[PDB]
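As structure tokens, the structure follows; a few thoughts come after it.
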Amino acid sequence: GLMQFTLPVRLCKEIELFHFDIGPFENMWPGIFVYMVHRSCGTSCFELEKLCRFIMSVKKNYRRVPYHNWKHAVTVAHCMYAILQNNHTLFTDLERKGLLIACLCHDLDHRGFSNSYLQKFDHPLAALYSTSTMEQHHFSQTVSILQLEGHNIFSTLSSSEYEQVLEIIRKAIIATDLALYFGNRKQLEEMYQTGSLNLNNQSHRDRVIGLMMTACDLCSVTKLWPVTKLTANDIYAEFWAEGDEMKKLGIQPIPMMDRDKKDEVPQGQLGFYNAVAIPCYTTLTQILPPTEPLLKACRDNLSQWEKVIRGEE
Ligand SMILES: O=c1ccn(-c2cccc(OC(F)(F)F)c2)nc1-c1ccnn1-c1ccc(F)cc1F
Ligand SMILES: [Cl-]
Ligand SMILES: [Mg+2]
Ligand SMILES: [Zn+2]
């Protein structure tokens, strides 16, 4: 029980900040995740042996794609860590356990293609799951890995606590379907404005946890500009591969995914920041004031993209 993970001084301090980058050393990422679980949850909430074997099976089931990879997984878990640590008293013991695991597992076995592409391709996964296709798959893969021998990190929960945490994880992973984000945020906006928002109402918590998942998932836009800028290349490498596969099915892809329309990326980033990212972190800041640094970092990056369009970079 007396085994803490310890990070070098610079990581120990910077890991507490929303804009932390987990670095290019793959072999440190599992240790970074355990560190965050220990500080976020306790040294007891997981058996280290079981947790380590879970993490390395999760890592194994992320693919070598440009963006939707093991690093994305650990990056999204870190954002959730920073939200939970700046909102200590608002979240249950179970919620803290569930949500870091949810974030680590949220893109399991991603192939770097949208739900749209699976549907137009007619992928078997699109027949099994008619909506939130990849996200139902991600949850399915999470459950499969929990059920490997020696991998059940929740085995010490009671039967009802076990059902609750798997329910938390399922909703959390489904909520990372950006198509569901728009309605979720609109509804949260109304509830905040009418003053009907109530964190004791479970359906309300679910919605708020959904928004936290979108916020963590999109968090590459909340980094320092050089991180944001270099992540965008990985993001667009996947989009352009998808556009190519669309052209192969005889479908003109949307410009976002067309590598011939590479000039239009700076304008398309504005649209994304204005349509998705800024609204997301605004509503999150209204509900959870200590997550304001994500809104502030997002606005900084919007301004950096405006400077790209105006020729200044
Ligand atoms: O920089 C971006 C530009 C465009 N889109 C995007 C994705 C998907 C639907 C989309 O259209 C609409 F917004 F209108 F729905 C836009 N996402 C990002 C982004 C930033 C951080 N993460 N992601 C992200 C990446 C890849 C991804 F699959 C999901 C992401 F959120
Ligand atoms: Cl603490
Ligand atoms: Mg996803
Ligand atoms: Zn993701």
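Residue 751 in PDB author numbering sits at position 294 of the sequence shown, and the numbers go up by one each step.
No residue lacks a Cβ here, since even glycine has one placed at the ideal position from N, Cα and C.
Per-residue burial, residue i [other beta carbons within 10 Å of its own, 16 or more giving buried]
{"i": "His-545", "result": "exposed"}
{"i": "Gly-499", "result": "exposed"}
{"i": "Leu-605", "result": "exposed"}
{"i": "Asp-674", "result": "buried"}
{"i": "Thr-599", "result": "buried"}
{"i": "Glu-506", "result": "exposed"}
{"i": "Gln-709", "result": "exposed"}
From the options, residue whose alpha carbon lies closest to that of residue i
{"i": "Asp-663", "options": "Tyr-524, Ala-689, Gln-621 and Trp-486", "result": "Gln-621"}
{"i": "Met-485", "options": "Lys-517, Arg-496, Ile-708 and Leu-464", "result": "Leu-464"}
{"i": "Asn-655", "options": "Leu-745, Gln-598 and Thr-532", "result": "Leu-745"}
{"i": "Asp-478", "options": "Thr-742, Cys-676, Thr-588 and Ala-629", "result": "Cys-676"}
{"i": "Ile-472", "options": "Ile-512, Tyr-524 and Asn-543", "result": "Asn-543"}
{"i": "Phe-490", "options": "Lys-516, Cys-737 and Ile-666", "result": "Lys-516"}
{"i": "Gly-707", "options": "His-529, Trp-527 and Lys-577", "result": "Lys-577"}
{"i": "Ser-760", "options": "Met-513, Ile-692, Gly-728 and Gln-743", "result": "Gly-728"}
{"i": "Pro-487", "options": "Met-460, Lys-470, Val-522 and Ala-530", "result": "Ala-530"}
{"i": "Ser-571", "options": "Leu-635, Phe-611, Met-513 and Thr-740", "result": "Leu-635"}
{"i": "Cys-509", "options": "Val-684, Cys-560, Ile-626 and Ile-610", "result": "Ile-610"}
Residue i: CB within 8 Å of a non-hydrogen atom of ligand 4
{"i": "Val-533", "result": "yes"}
{"i": "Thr-633", "result": "yes"}
{"i": "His-529", "result": "yes"}
{"i": "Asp-564", "result": "yes"}
{"i": "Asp-674", "result": "yes"}
Distance cut-off 8 Å: residue i Cβ against heavy atoms of ligand 2
{"i": "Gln-542", "result": "yes"}
{"i": "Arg-553", "result": "no"}
{"i": "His-545", "result": "yes"}
Residues near residue i by beta carbon distance below 8 Å, same chain, minus five either side
{"i": "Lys-628", "result": "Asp-663, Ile-666 and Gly-667"}
{"i": "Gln-659", "result": "none"}
Cut-off 6 Å between Cβ atoms - residues of its own chain near residue i, not counting five sequence neighbours on either side
{"i": "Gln-726", "result": "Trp-762"}
Any non-hydrogen atom of ligand 1 within 8 Å of residue i CB
{"i": "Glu-592", "result": "no"}
{"i": "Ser-677", "result": "yes"}
{"i": "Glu-695", "result": "yes"}
Contacting residues, own chain, Cβ-Cβ under 7 Å from residue i (five flanking each side not counted)
{"i": "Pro-736", "result": "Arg-642"}
{"i": "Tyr-538", "result": "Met-493, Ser-497 and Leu-557"}
query = Which full runs of the beta strand (DSSP E) of 3+ residues lie inside the region 624-677, going along the chain?
reply = DSSP runs (the beta strand (DSSP E)) wholly in the region 624-677: none.
inquiry  = Runs of 4 residues minimum, wholly inside the region 678-709: which ones carry the alpha helix (DSSP H) assignment?
reply    = For the region 678-709, whole alpha helix (DSSP H) runs of length 4 or above, ordered along the chain, are 682-705.
query = Whole alpha helix (DSSP H) runs in the region 458-528 with 4 or more residues, listed along the chain?
reply = Secondary structure remark: continuous alpha helix (DSSP H) runs of at least 4 residues inside the region 458-528, in chain order: 466-471, 486-497 and 505-518.
4 or more residues per run - each alpha helix (DSSP H) lying fully within the region 709-756 = Runs of the alpha helix (DSSP H) inside the region 709-756: 722-729 and 735-744.
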